[PDB]
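One file, data08.cif, is given below (mmCIF, N, CA and C atoms).
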data_data
#
loop_
_atom_site.group_PDB
_atom_site.id
_atom_site.type_symbol
_atom_site.label_atom_id
_atom_site.label_comp_id
_atom_site.auth_asym_id
_atom_site.auth_seq_id
_atom_site.Cartn_x
_atom_site.Cartn_y
_atom_site.Cartn_z
ATOM 1 N N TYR A 108 28.163 2.196 -10.955
ATOM 2 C CA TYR A 108 28.501 1.101 -11.853
ATOM 3 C C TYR A 108 29.525 0.189 -11.190
ATOM 4 N N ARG A 109 29.235 -1.111 -11.184
ATOM 5 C CA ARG A 109 30.133 -2.122 -10.643
ATOM 6 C C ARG A 109 30.320 -3.216 -11.684
ATOM 7 N N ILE A 110 31.556 -3.691 -11.820
ATOM 8 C CA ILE A 110 31.915 -4.694 -12.816
ATOM 9 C C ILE A 110 32.466 -5.914 -12.092
ATOM 10 N N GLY A 111 31.931 -7.082 -12.420
ATOM 11 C CA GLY A 111 32.395 -8.323 -11.825
ATOM 12 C C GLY A 111 32.154 -9.483 -12.759
ATOM 13 N N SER A 112 33.035 -10.480 -12.678
ATOM 14 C CA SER A 112 32.944 -11.661 -13.526
ATOM 15 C C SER A 112 32.085 -12.767 -12.930
ATOM 16 N N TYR A 113 31.631 -12.616 -11.690
ATOM 17 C CA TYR A 113 30.812 -13.636 -11.050
ATOM 18 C C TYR A 113 29.339 -13.362 -11.325
ATOM 19 N N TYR A 114 28.619 -14.394 -11.755
ATOM 20 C CA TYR A 114 27.190 -14.283 -12.048
ATOM 21 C C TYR A 114 26.342 -14.451 -10.791
ATOM 22 N N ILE A 115 26.614 -13.623 -9.786
ATOM 23 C CA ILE A 115 25.910 -13.662 -8.509
ATOM 24 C C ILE A 115 25.327 -12.281 -8.250
ATOM 25 N N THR A 116 24.058 -12.240 -7.851
ATOM 26 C CA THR A 116 23.395 -10.973 -7.577
ATOM 27 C C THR A 116 24.039 -10.281 -6.380
ATOM 28 N N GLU A 117 23.977 -8.947 -6.387
ATOM 29 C CA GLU A 117 24.568 -8.172 -5.301
ATOM 30 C C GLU A 117 23.882 -8.447 -3.970
ATOM 31 N N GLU A 118 22.592 -8.786 -3.995
ATOM 32 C CA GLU A 118 21.857 -9.083 -2.773
ATOM 33 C C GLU A 118 21.952 -10.544 -2.354
ATOM 34 N N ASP A 119 22.590 -11.392 -3.157
ATOM 35 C CA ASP A 119 22.697 -12.805 -2.828
ATOM 36 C C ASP A 119 23.636 -13.014 -1.644
ATOM 37 N N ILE A 120 23.506 -14.181 -1.007
ATOM 38 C CA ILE A 120 24.366 -14.514 0.127
ATOM 39 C C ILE A 120 25.823 -14.597 -0.311
ATOM 40 N N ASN A 121 26.082 -15.254 -1.440
ATOM 41 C CA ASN A 121 27.433 -15.269 -1.987
ATOM 42 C C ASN A 121 27.971 -13.875 -2.293
ATOM 43 N N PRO A 122 27.202 -12.962 -2.886
ATOM 44 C CA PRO A 122 27.696 -11.592 -3.076
ATOM 45 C C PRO A 122 27.711 -10.810 -1.773
ATOM 46 N N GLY A 123 27.984 -9.506 -1.853
ATOM 47 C CA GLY A 123 28.046 -8.677 -0.662
ATOM 48 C C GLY A 123 26.767 -8.662 0.152
ATOM 49 N N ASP A 124 25.634 -9.002 -0.462
ATOM 50 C CA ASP A 124 24.356 -9.108 0.237
ATOM 51 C C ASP A 124 23.802 -7.753 0.663
ATOM 52 N N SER A 125 24.006 -6.726 -0.159
ATOM 53 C CA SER A 125 23.476 -5.402 0.132
ATOM 54 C C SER A 125 23.247 -4.660 -1.175
ATOM 55 N N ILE A 126 22.291 -3.732 -1.145
ATOM 56 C CA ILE A 126 21.966 -2.909 -2.305
ATOM 57 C C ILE A 126 21.282 -3.744 -3.382
ATOM 58 N N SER A 127 20.728 -3.074 -4.388
ATOM 59 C CA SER A 127 20.078 -3.734 -5.511
ATOM 60 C C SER A 127 21.072 -3.849 -6.659
ATOM 61 N N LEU A 128 21.126 -5.025 -7.278
ATOM 62 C CA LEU A 128 22.050 -5.294 -8.371
ATOM 63 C C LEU A 128 21.309 -5.187 -9.696
ATOM 64 N N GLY A 129 21.816 -4.347 -10.583
ATOM 65 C CA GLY A 129 21.207 -4.156 -11.890
ATOM 66 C C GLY A 129 22.222 -4.328 -12.998
ATOM 67 N N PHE A 130 21.763 -4.896 -14.111
ATOM 68 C CA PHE A 130 22.643 -5.123 -15.250
ATOM 69 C C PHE A 130 23.071 -3.794 -15.863
ATOM 70 N N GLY A 131 24.352 -3.699 -16.204
ATOM 71 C CA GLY A 131 24.918 -2.504 -16.806
ATOM 72 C C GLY A 131 25.442 -2.805 -18.200
ATOM 73 N N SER A 132 25.080 -1.946 -19.146
ATOM 74 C CA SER A 132 25.481 -2.095 -20.535
ATOM 75 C C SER A 132 26.554 -1.072 -20.890
ATOM 76 N N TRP A 133 27.570 -1.535 -21.617
ATOM 77 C CA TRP A 133 28.659 -0.669 -22.056
ATOM 78 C C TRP A 133 29.567 -0.279 -20.897
ATOM 79 N N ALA A 134 30.598 0.508 -21.185
ATOM 80 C CA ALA A 134 31.548 0.960 -20.181
ATOM 81 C C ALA A 134 31.207 2.377 -19.736
ATOM 82 N N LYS A 135 31.550 2.684 -18.487
ATOM 83 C CA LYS A 135 31.266 3.993 -17.913
ATOM 84 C C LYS A 135 32.231 5.020 -18.493
ATOM 85 N N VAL A 136 31.696 6.158 -18.927
ATOM 86 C CA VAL A 136 32.482 7.242 -19.504
ATOM 87 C C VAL A 136 32.438 8.414 -18.533
ATOM 88 N N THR A 137 33.606 8.986 -18.245
ATOM 89 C CA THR A 137 33.689 10.117 -17.329
ATOM 90 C C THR A 137 32.947 11.315 -17.907
ATOM 91 N N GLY A 138 32.194 12.007 -17.055
ATOM 92 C CA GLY A 138 31.422 13.156 -17.483
ATOM 93 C C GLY A 138 32.277 14.338 -17.891
ATOM 94 N N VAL A 139 32.298 14.638 -19.189
ATOM 95 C CA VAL A 139 33.079 15.753 -19.714
ATOM 96 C C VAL A 139 33.220 15.590 -21.221
ATOM 97 N N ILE A 140 33.412 14.349 -21.670
ATOM 98 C CA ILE A 140 33.563 14.049 -23.089
ATOM 99 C C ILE A 140 32.691 12.851 -23.439
ATOM 100 N N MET A 141 32.425 12.662 -24.731
ATOM 101 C CA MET A 141 31.570 11.568 -25.175
ATOM 102 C C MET A 141 32.263 10.728 -26.238
ATOM 103 N N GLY A 142 33.440 11.160 -26.681
ATOM 104 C CA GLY A 142 34.205 10.381 -27.634
ATOM 105 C C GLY A 142 34.466 11.065 -28.960
ATOM 106 N N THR A 143 33.872 10.532 -30.026
ATOM 107 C CA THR A 143 34.176 10.966 -31.384
ATOM 108 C C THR A 143 33.710 12.395 -31.634
ATOM 109 N N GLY A 144 34.674 13.296 -31.803
ATOM 110 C CA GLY A 144 34.385 14.636 -32.272
ATOM 111 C C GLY A 144 35.499 15.200 -33.128
ATOM 112 N N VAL A 145 35.173 15.587 -34.362
ATOM 113 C CA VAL A 145 36.140 16.157 -35.297
ATOM 114 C C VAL A 145 37.158 15.116 -35.753
ATOM 115 N N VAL A 146 37.541 15.173 -37.030
ATOM 116 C CA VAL A 146 38.614 14.325 -37.540
ATOM 117 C C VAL A 146 39.929 14.904 -37.037
ATOM 118 N N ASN A 147 40.259 16.108 -37.492
ATOM 119 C CA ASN A 147 41.279 16.912 -36.841
ATOM 120 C C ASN A 147 40.685 17.469 -35.550
ATOM 121 N N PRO A 148 41.413 17.429 -34.427
ATOM 122 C CA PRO A 148 40.779 17.742 -33.137
ATOM 123 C C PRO A 148 40.117 19.109 -33.090
ATOM 124 N N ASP A 149 38.784 19.105 -33.076
ATOM 125 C CA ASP A 149 37.989 20.311 -32.884
ATOM 126 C C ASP A 149 36.980 20.058 -31.773
ATOM 127 N N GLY A 150 36.476 18.827 -31.707
ATOM 128 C CA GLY A 150 35.534 18.429 -30.681
ATOM 129 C C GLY A 150 34.085 18.657 -31.056
ATOM 130 N N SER A 151 33.248 17.642 -30.838
ATOM 131 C CA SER A 151 31.817 17.758 -31.087
ATOM 132 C C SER A 151 31.099 18.207 -29.822
ATOM 133 N N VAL A 152 29.772 18.158 -29.832
ATOM 134 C CA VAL A 152 28.954 18.526 -28.684
ATOM 135 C C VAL A 152 28.695 17.257 -27.881
ATOM 136 N N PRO A 153 29.185 17.153 -26.651
ATOM 137 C CA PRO A 153 28.987 15.929 -25.872
ATOM 138 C C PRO A 153 27.615 15.907 -25.210
ATOM 139 N N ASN A 154 27.353 14.806 -24.510
ATOM 140 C CA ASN A 154 26.109 14.606 -23.782
ATOM 141 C C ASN A 154 26.425 14.434 -22.304
ATOM 142 N N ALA A 155 25.453 14.765 -21.455
ATOM 143 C CA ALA A 155 25.653 14.688 -20.014
ATOM 144 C C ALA A 155 24.387 14.223 -19.306
ATOM 145 N N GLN A 156 24.361 14.348 -17.980
ATOM 146 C CA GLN A 156 23.214 13.917 -17.191
ATOM 147 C C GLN A 156 23.301 12.430 -16.873
ATOM 148 N N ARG A 157 22.644 12.008 -15.796
ATOM 149 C CA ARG A 157 22.660 10.610 -15.384
ATOM 150 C C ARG A 157 21.286 9.997 -15.626
ATOM 151 N N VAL A 158 21.265 8.791 -16.192
ATOM 152 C CA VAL A 158 20.020 8.073 -16.448
ATOM 153 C C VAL A 158 19.365 8.565 -17.733
ATOM 154 N N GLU A 159 19.756 9.754 -18.192
ATOM 155 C CA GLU A 159 19.204 10.324 -19.414
ATOM 156 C C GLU A 159 19.540 9.461 -20.623
ATOM 157 N N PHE A 160 18.526 9.110 -21.411
ATOM 158 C CA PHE A 160 18.713 8.284 -22.601
ATOM 159 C C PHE A 160 18.786 9.200 -23.816
ATOM 160 N N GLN A 161 19.987 9.366 -24.362
ATOM 161 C CA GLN A 161 20.201 10.194 -25.541
ATOM 162 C C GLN A 161 21.320 9.569 -26.368
ATOM 163 N N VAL B 102 8.979 -35.784 62.255
ATOM 164 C CA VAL B 102 9.703 -34.797 61.465
ATOM 165 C C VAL B 102 10.689 -35.523 60.562
ATOM 166 N N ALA B 103 11.045 -34.875 59.456
ATOM 167 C CA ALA B 103 11.959 -35.452 58.473
ATOM 168 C C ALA B 103 13.392 -35.164 58.900
ATOM 169 N N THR B 104 14.007 -36.121 59.596
ATOM 170 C CA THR B 104 15.406 -35.986 59.981
ATOM 171 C C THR B 104 16.358 -36.195 58.812
ATOM 172 N N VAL B 105 15.951 -36.959 57.801
ATOM 173 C CA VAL B 105 16.763 -37.218 56.618
ATOM 174 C C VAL B 105 15.979 -36.746 55.402
ATOM 175 N N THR B 106 16.560 -35.816 54.647
ATOM 176 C CA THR B 106 15.922 -35.258 53.462
ATOM 177 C C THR B 106 16.888 -35.324 52.290
ATOM 178 N N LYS B 107 16.400 -35.810 51.151
ATOM 179 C CA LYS B 107 17.188 -35.880 49.930
ATOM 180 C C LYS B 107 16.381 -35.276 48.790
ATOM 181 N N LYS B 108 17.079 -34.588 47.889
ATOM 182 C CA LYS B 108 16.436 -33.838 46.820
ATOM 183 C C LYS B 108 17.025 -34.255 45.480
ATOM 184 N N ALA B 109 16.311 -33.901 44.412
ATOM 185 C CA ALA B 109 16.748 -34.168 43.050
ATOM 186 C C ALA B 109 16.373 -32.988 42.168
ATOM 187 N N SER B 110 17.105 -32.830 41.071
ATOM 188 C CA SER B 110 16.905 -31.728 40.142
ATOM 189 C C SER B 110 16.473 -32.251 38.778
ATOM 190 N N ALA B 111 15.829 -31.369 38.008
ATOM 191 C CA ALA B 111 15.366 -31.721 36.667
ATOM 192 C C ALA B 111 15.330 -30.438 35.838
ATOM 193 N N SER B 112 16.302 -30.290 34.938
ATOM 194 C CA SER B 112 16.377 -29.125 34.057
ATOM 195 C C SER B 112 15.405 -29.332 32.900
ATOM 196 N N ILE B 113 14.137 -29.026 33.165
ATOM 197 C CA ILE B 113 13.080 -29.193 32.175
ATOM 198 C C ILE B 113 13.156 -28.058 31.163
ATOM 199 N N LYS B 114 13.663 -28.353 29.970
ATOM 200 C CA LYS B 114 13.710 -27.349 28.917
ATOM 201 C C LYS B 114 12.308 -27.094 28.380
ATOM 202 N N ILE B 115 11.933 -25.822 28.283
ATOM 203 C CA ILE B 115 10.616 -25.459 27.775
ATOM 204 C C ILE B 115 10.769 -24.777 26.424
ATOM 205 N N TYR B 116 10.661 -25.555 25.351
ATOM 206 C CA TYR B 116 10.721 -25.025 23.996
ATOM 207 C C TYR B 116 9.450 -24.236 23.705
ATOM 208 N N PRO B 117 9.485 -23.290 22.767
ATOM 209 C CA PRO B 117 8.281 -22.495 22.490
ATOM 210 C C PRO B 117 7.265 -23.251 21.650
ATOM 211 N N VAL B 118 5.977 -22.992 21.888
ATOM 212 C CA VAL B 118 4.932 -23.629 21.092
ATOM 213 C C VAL B 118 5.028 -23.201 19.636
ATOM 214 N N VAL B 119 5.192 -21.903 19.387
ATOM 215 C CA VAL B 119 5.446 -21.408 18.039
ATOM 216 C C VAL B 119 6.953 -21.352 17.823
ATOM 217 N N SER B 120 7.546 -22.485 17.458
ATOM 218 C CA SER B 120 8.972 -22.572 17.173
ATOM 219 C C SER B 120 9.254 -22.961 15.731
ATOM 220 N N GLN B 121 8.691 -24.074 15.269
ATOM 221 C CA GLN B 121 8.794 -24.473 13.869
ATOM 222 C C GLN B 121 7.547 -23.985 13.144
ATOM 223 N N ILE B 122 7.307 -22.677 13.196
ATOM 224 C CA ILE B 122 6.146 -22.075 12.548
ATOM 225 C C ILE B 122 6.565 -20.750 11.928
ATOM 226 N N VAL B 123 6.517 -20.672 10.602
ATOM 227 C CA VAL B 123 6.970 -19.491 9.871
ATOM 228 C C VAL B 123 8.450 -19.281 10.165
ATOM 229 N N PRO B 124 9.310 -20.261 9.871
ATOM 230 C CA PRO B 124 10.744 -20.087 10.139
ATOM 231 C C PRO B 124 11.350 -18.931 9.364
ATOM 232 N N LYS B 125 12.290 -18.220 9.987
ATOM 233 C CA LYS B 125 12.957 -17.094 9.344
ATOM 234 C C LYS B 125 13.696 -17.548 8.092
ATOM 235 N N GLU B 126 13.274 -17.050 6.934
ATOM 236 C CA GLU B 126 13.869 -17.407 5.648
ATOM 237 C C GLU B 126 14.250 -16.107 4.943
ATOM 238 N N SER B 127 15.552 -15.840 4.875
ATOM 239 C CA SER B 127 16.072 -14.669 4.186
ATOM 240 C C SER B 127 16.192 -14.872 2.684
ATOM 241 N N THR B 128 16.050 -16.102 2.203
ATOM 242 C CA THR B 128 16.098 -16.408 0.773
ATOM 243 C C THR B 128 14.701 -16.464 0.168
ATOM 244 N N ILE B 129 13.986 -15.335 0.205
ATOM 245 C CA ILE B 129 12.648 -15.284 -0.377
ATOM 246 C C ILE B 129 12.696 -15.529 -1.878
ATOM 247 N N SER B 130 13.665 -14.935 -2.570
ATOM 248 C CA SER B 130 13.857 -15.156 -3.995
ATOM 249 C C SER B 130 15.148 -15.935 -4.191
ATOM 250 N N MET B 131 15.067 -17.011 -4.966
ATOM 251 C CA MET B 131 16.205 -17.890 -5.200
ATOM 252 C C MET B 131 16.443 -18.026 -6.703
ATOM 253 N N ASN B 132 16.432 -16.896 -7.406
ATOM 254 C CA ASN B 132 16.702 -16.896 -8.837
ATOM 255 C C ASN B 132 18.127 -17.362 -9.101
ATOM 256 N N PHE B 133 18.275 -18.271 -10.062
ATOM 257 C CA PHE B 133 19.574 -18.840 -10.387
ATOM 258 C C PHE B 133 19.554 -19.319 -11.829
ATOM 259 N N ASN B 134 20.730 -19.672 -12.342
ATOM 260 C CA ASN B 134 20.869 -20.169 -13.704
ATOM 261 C C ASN B 134 20.239 -21.553 -13.806
ATOM 262 N N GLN B 135 19.983 -21.993 -15.038
ATOM 263 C CA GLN B 135 19.368 -23.290 -15.284
ATOM 264 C C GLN B 135 20.226 -24.426 -14.742
ATOM 265 N N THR B 136 21.550 -24.247 -14.762
ATOM 266 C CA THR B 136 22.467 -25.266 -14.268
ATOM 267 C C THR B 136 23.113 -24.851 -12.952
ATOM 268 N N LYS B 137 22.461 -23.968 -12.202
ATOM 269 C CA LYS B 137 22.986 -23.528 -10.919
ATOM 270 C C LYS B 137 22.763 -24.596 -9.855
ATOM 271 N N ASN B 138 23.664 -24.626 -8.872
ATOM 272 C CA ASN B 138 23.597 -25.576 -7.764
ATOM 273 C C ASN B 138 23.825 -24.837 -6.444
ATOM 274 N N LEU B 139 23.170 -23.689 -6.304
ATOM 275 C CA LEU B 139 23.307 -22.876 -5.105
ATOM 276 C C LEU B 139 22.563 -23.517 -3.941
ATOM 277 N N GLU B 140 23.179 -23.472 -2.763
ATOM 278 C CA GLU B 140 22.558 -24.029 -1.571
ATOM 279 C C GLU B 140 21.498 -23.077 -1.027
ATOM 280 N N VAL B 141 20.672 -23.594 -0.122
ATOM 281 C CA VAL B 141 19.613 -22.820 0.516
ATOM 282 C C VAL B 141 19.771 -22.947 2.025
ATOM 283 N N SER B 142 19.682 -21.817 2.724
ATOM 284 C CA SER B 142 19.854 -21.775 4.168
ATOM 285 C C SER B 142 18.627 -21.149 4.812
ATOM 286 N N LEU B 143 18.192 -21.735 5.925
ATOM 287 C CA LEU B 143 17.057 -21.221 6.679
ATOM 288 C C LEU B 143 17.230 -21.616 8.138
ATOM 289 N N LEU B 144 16.595 -20.854 9.022
ATOM 290 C CA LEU B 144 16.687 -21.097 10.452
ATOM 291 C C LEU B 144 15.300 -21.061 11.076
ATOM 292 N N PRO B 145 15.036 -21.940 12.040
ATOM 293 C CA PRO B 145 13.732 -21.923 12.710
ATOM 294 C C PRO B 145 13.631 -20.767 13.692
ATOM 295 N N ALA B 146 12.394 -20.435 14.054
ATOM 296 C CA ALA B 146 12.161 -19.355 14.999
ATOM 297 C C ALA B 146 12.626 -19.760 16.396
ATOM 298 N N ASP B 147 13.514 -18.940 16.958
ATOM 299 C CA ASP B 147 14.068 -19.176 18.287
ATOM 300 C C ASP B 147 15.117 -20.283 18.281
ATOM 301 N N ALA B 148 15.266 -20.973 17.147
ATOM 302 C CA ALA B 148 16.284 -22.010 16.959
ATOM 303 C C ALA B 148 16.273 -23.063 18.064
ATOM 304 N N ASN B 149 15.094 -23.523 18.473
ATOM 305 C CA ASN B 149 14.967 -24.426 19.609
ATOM 306 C C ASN B 149 14.428 -25.780 19.164
ATOM 307 N N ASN B 150 15.213 -26.829 19.406
ATOM 308 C CA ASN B 150 14.741 -28.207 19.325
ATOM 309 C C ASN B 150 14.392 -28.677 17.920
ATOM 310 N N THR B 151 13.128 -28.518 17.535
ATOM 311 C CA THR B 151 12.582 -29.147 16.343
ATOM 312 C C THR B 151 13.319 -28.700 15.084
#
Show me this structure written as structure tokens.
Amino acid sequence: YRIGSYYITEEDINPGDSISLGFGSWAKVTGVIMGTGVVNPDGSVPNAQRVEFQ
Amino acid sequence: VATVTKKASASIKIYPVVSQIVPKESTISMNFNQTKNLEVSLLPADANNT
């Protein structure tokens, strides 16, 4: 995941000009937790894997 | 016999026949915004003359 404010493709001459540039949705979450679990801290069941849509 | 001899030179440049033919273009795809003003760069083969 790469974040940039310039609307230039990663393979373009203006960009680094290497690799394939793909649109990324949302922010990257470190593998271990998924966020909302328990009102009082108990923790829910998180999700893992890369590319997996769940 | 030639007692006096004088010579001359001519640097005849020989450009290639296939020079301005299928020029190297690294910008195969030029996708841009509707109001984009991105430049385009290309170079001829062997970069000679034409």
Notebook entry, point to check: Residues of chain A within 8 Å of chain B, using all atoms listed in the file, as JSON, numbers by chain?
Noted result: {"A": [114, 116, 120]}
Polymer residues at most 9 Å from stretch 111-121 of chain B, only C-alpha atoms, same-chain spacing of 2 or more positions, as a PDB file with N, CA and C atoms, keeping the file's coordinate frame:
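This is the output file result-v8.pdb:
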ATOM      1  N   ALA B 109      16.311 -33.901  44.412  1.00  0.00           N
ATOM      2  CA  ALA B 109      16.748 -34.168  43.050  1.00  0.00           C
ATOM      3  C   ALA B 109      16.373 -32.988  42.168  1.00  0.00           C
ATOM      4  N   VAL B 123       6.517 -20.672  10.602  1.00  0.00           N
ATOM      5  CA  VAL B 123       6.970 -19.491   9.871  1.00  0.00           C
ATOM      6  C   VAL B 123       8.450 -19.281  10.165  1.00  0.00           C
ATOM      7  N   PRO B 124       9.310 -20.261   9.871  1.00  0.00           N
ATOM      8  CA  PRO B 124      10.744 -20.087  10.139  1.00  0.00           C
ATOM      9  C   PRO B 124      11.350 -18.931   9.364  1.00  0.00           C
ATOM     10  N   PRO B 145      15.036 -21.940  12.040  1.00  0.00           N
ATOM     11  CA  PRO B 145      13.732 -21.923  12.710  1.00  0.00           C
ATOM     12  C   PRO B 145      13.631 -20.767  13.692  1.00  0.00           C
ATOM     13  N   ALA B 146      12.394 -20.435  14.054  1.00  0.00           N
ATOM     14  CA  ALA B 146      12.161 -19.355  14.999  1.00  0.00           C
ATOM     15  C   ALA B 146      12.626 -19.760  16.396  1.00  0.00           C
ATOM     16  N   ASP B 147      13.514 -18.940  16.958  1.00  0.00           N
ATOM     17  CA  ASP B 147      14.068 -19.176  18.287  1.00  0.00           C
ATOM     18  C   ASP B 147      15.117 -20.283  18.281  1.00  0.00           C
ATOM     19  N   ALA B 148      15.266 -20.973  17.147  1.00  0.00           N
ATOM     20  CA  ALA B 148      16.284 -22.010  16.959  1.00  0.00           C
ATOM     21  C   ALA B 148      16.273 -23.063  18.064  1.00  0.00           C
ATOM     22  N   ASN B 149      15.094 -23.523  18.473  1.00  0.00           N
ATOM     23  CA  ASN B 149      14.967 -24.426  19.609  1.00  0.00           C
ATOM     24  C   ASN B 149      14.428 -25.780  19.164  1.00  0.00           C
ATOM     25  N   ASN B 150      15.213 -26.829  19.406  1.00  0.00           N
ATOM     26  CA  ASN B 150      14.741 -28.207  19.325  1.00  0.00           C
ATOM     27  C   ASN B 150      14.392 -28.677  17.920  1.00  0.00           C
ATOM     28  N   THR B 151      13.128 -28.518  17.535  1.00  0.00           N
ATOM     29  CA  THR B 151      12.582 -29.147  16.343  1.00  0.00           C
ATOM     30  C   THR B 151      13.319 -28.700  15.084  1.00  0.00           C
TER      31      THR B 151
END
Notebook entry, point to check: atom N of residue A:110 to atom CA of residue A:129: how many Å, to one decimal?
Noted result: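 Atom N of residue A:110 sits 10.4 Å away from atom CA of residue A:129.
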Quick one: residues within 8 Å of residue A:141, only N, CA and C atoms, excluding same-chain residues fewer than 4 positions away - as an mmCIF file with N, CA and C atoms, in the coordinates of the input?
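Listed below is the output, selection_25.cif:
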data_model
loop_
_atom_site.group_PDB
_atom_site.id
_atom_site.type_symbol
_atom_site.label_atom_id
_atom_site.label_comp_id
_atom_site.auth_asym_id
_atom_site.auth_seq_id
_atom_site.Cartn_x
_atom_site.Cartn_y
_atom_site.Cartn_z
ATOM 1 N N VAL A 136 31.696 6.158 -18.927
ATOM 2 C CA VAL A 136 32.482 7.242 -19.504
ATOM 3 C C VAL A 136 32.438 8.414 -18.533
ATOM 4 N N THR A 137 33.606 8.986 -18.245
ATOM 5 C CA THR A 137 33.689 10.117 -17.329
ATOM 6 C C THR A 137 32.947 11.315 -17.907
ATOM 7 N N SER A 151 33.248 17.642 -30.838
ATOM 8 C CA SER A 151 31.817 17.758 -31.087
ATOM 9 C C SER A 151 31.099 18.207 -29.822
ATOM 10 N N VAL A 152 29.772 18.158 -29.832
ATOM 11 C CA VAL A 152 28.954 18.526 -28.684
ATOM 12 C C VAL A 152 28.695 17.257 -27.881
ATOM 13 N N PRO A 153 29.185 17.153 -26.651
ATOM 14 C CA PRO A 153 28.987 15.929 -25.872
ATOM 15 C C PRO A 153 27.615 15.907 -25.210
ATOM 16 N N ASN A 154 27.353 14.806 -24.510
ATOM 17 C CA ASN A 154 26.109 14.606 -23.782
ATOM 18 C C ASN A 154 26.425 14.434 -22.304
ATOM 19 N N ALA A 155 25.453 14.765 -21.455
ATOM 20 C CA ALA A 155 25.653 14.688 -20.014
ATOM 21 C C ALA A 155 24.387 14.223 -19.306
#
Next item on the list: Quote the spacing between atom CA of residue A:112 and atom CA of residue A:158 in Å to one decimal place.
Entry: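 Value for the atom CA of residue A:112-atom CA of residue A:158 distance: 23.8 Å.
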Please return the centre and edge lengths, in Å to one decimal, of a box with edges along x, y and z that contains all listed atoms of stretch 116-127 of chain B, widened by 3 Å on every side, as lines of an AutoDock Vina configuration file.
center_x = 10.6
center_y = -20.1
center_z = 14.0
size_x = 17.3
size_y = 16.9
size_z = 28.7
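Relative to atom N of residue A:157, atom CA of residue A:139 is found at 11.8 Å.
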